[PDB]
Structure formats: structure tokens, C-alpha cells
Amino acid sequence: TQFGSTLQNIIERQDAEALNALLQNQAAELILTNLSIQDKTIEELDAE
Amino acid sequence: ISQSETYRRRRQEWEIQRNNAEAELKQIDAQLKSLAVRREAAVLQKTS
């Protein structure tokens, strides 16, 4: 049972870290999109 | 003579008004460009 408890905790951590990796990768993807948007905004001001 | 000059002066006003309209057309084209750029930004925001 001590190993079982230990295993459960390891498993929870394994999955928690996988989520953090996912979230950071997702954040990076959205930033690239936002950069295109802000760049486009600057072009808009030049049109003004 | 006065009548002739009256028409001359009238013509000068017509030229000014023509030029005002020309400026309006140019500003509008610049505004259409600006809006088109904004539209692309909106499309990117939808993409985001």
C-alpha cells in the first residue's frame, strides 16, 4: 500500500506536468497570432 | 467687362470646389484602405 500511494502521487504529478507543458505551448501559439494582429494595427495607423 | 469677370470669378470658385471634392475622394480612398486593414485584423482576431 505504501508503494500504491506513492504510485498514485507520481501519476498525479505526471499528468499535472503534462498539462503545464500543454498550456505553455498553447500560450506560445496564441502569442504568435497576437503579434500578427498588433503588426496589422500599426499598418492601420499608417493608413490613417 | 464686369459680366465677363463675374464669370471668371465664378469659374475660380468652381475650381476650388472641384479641388475640395478631389481631396474628399482621396481621403476616402485612404479611409477605405484603413478599414480594409482593420478588417484583416478582425479576421485574425476571429482566427485567434
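From first to last, the protein sequence lines are chains A and B. Quick note: the first sequence uses my numbering, first residue 1196, plus one each step. Quick note: the second sequence uses my numbering, first residue 14, plus one each step. Think of the CB as a built atom: it goes at the ideal place given N, C-alpha and C, for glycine as much as any other residue.
With 16 other Cβ atoms within 10 Å as the buried cut-off, status of residue i
i, result
"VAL56 of chain B", "exposed"
Supposed contact pair residue j and residue i - C-beta distance, whole angstroms, cut 8 Å
i, j, result
"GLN58 of chain B", "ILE1226 of chain A", "That pair is no contact at about 14 Å."
"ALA1242 of chain A", "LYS46 of chain B", "5 Å"
"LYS1235 of chain A", "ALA36 of chain B", "Contact doesn't hold; Cβ gap of about 27 Å is too wide."
"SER61 of chain B", "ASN1220 of chain A", "In fact, because the Cβ distance is near 16 Å, the residues do not count as touching under 8 Å."
Closest residue to residue i among the options (Cα-Cα distance)
i, options, result
"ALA49 of chain B", "A:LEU1240, A:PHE1198, A:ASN1220", "A:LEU1240"
Listed in chain order, which residues of the region 22 to 46 of chain B have Cβ atoms closer than 7 Å to some Cβ of chain A? For the region 22 to 46 of chain B, residues whose beta-carbon sits nearer than 7 Å to a beta-carbon of chain A comprise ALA43, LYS46.
Select from the region 1215 to 1236 of chain A all residues with a C-beta closer than 8 Å to any C-beta belonging to chain B, and list them in chain order. Those would be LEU1225, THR1228, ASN1229, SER1231, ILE1232, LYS1235, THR1236, in chain order.
Just by C-beta distance, which residues in the region 1202 to 1216 of chain A are closer than 9 Å to chain B? If the cut-off is 9 Å between Cβ atoms, the region 1202 to 1216 of chain A has nothing near chain B.
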